[PDB]
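Undergrad: What follows is a single structure, and I will ask about it in a moment.
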Amino acid sequence: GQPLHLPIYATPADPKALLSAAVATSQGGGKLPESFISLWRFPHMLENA
Amino acid sequence: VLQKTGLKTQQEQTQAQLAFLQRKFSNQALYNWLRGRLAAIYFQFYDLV
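Okay, structure coming up:
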């Protein structure tokens, strides 16, 4: 009962290549607040800022 | 067989670390953006000084 033919040999499966996706988002920029005038002249307000 | 499944667990862990280093906040694209913006501001400020 030993077969004369030799058995066929299986081919192993292909492994999966794990891949990541890196995307970026776009947040909208902020606008300016309102111009509020003050009492001070230029150099004092400049140094303060 | 247990050695093989241990190695596949190691591979999945390496994939997890790589996805972490891509998807964390301070990644390489952040520093590229910072170096570009800071370089432009730095050059213009150099000219004024």
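Listed in order, the protein sequences are those of chains A and E. PDB author numbering puts the first residue of the first sequence at 1848, with every later residue one more than the last. PDB author numbering puts the first residue of the second sequence at 2091, with every later residue one more than the last. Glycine is no exception: its CB is placed at the ideal position from the N, C-alpha and C atoms.
Take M1892(A) and list the residues in its own chain whose beta-carbon comes closer than 7 Å to its own, dropping the five residues that flank it on each side.
TA: Translated into positions along the first sequence, residue 1892(A) becomes position 45. Excluding residues within five positions, the ones whose Cβ falls inside 7 Å are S1885.
Undergrad: Applying a beta-carbon distance threshold of less than 9 Å, which residues of chain E neighbour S1867(A)?
TA: Translated into the one-based positions of the first sequence, residue 1867(A) becomes position 20. Those within 9 Å of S1867(A) in chain E are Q2105, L2108, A2109, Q2112, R2113.
Undergrad: Kindly indicate the opening and closing residues of the alpha helix (DSSP H) around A1860(A).
TA: Looking up residue 1860(A) in the first sequence gives position 13. No alpha helix (DSSP H) holds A1860(A); DSSP gives it neither H nor E.
Undergrad: Would you say residue 2089(E) lies against chain A (beta-carbon separation less than 9 Å)?
TA: This structure gives no information on residue 2089(E), because the portion of chain E shown stretches from 2091 to 2139.
Undergrad: Skipping 5 residues on each side, what residues in its chain have a beta carbon closer than 6 Å to that of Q2112(E)?
TA: Within the second sequence, numbered from 1, the residue matching residue 2112(E) stands at position 22. There are no such residues.
Undergrad: For the alpha helix (DSSP H) containing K2114(E), name the first residue and the last one.
TA: Here residue 2114(E) refers to the residue found at position 24 when the second sequence is read from its first residue. Premise fails: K2114(E) is in no alpha helix (DSSP H) and is neither H nor E.
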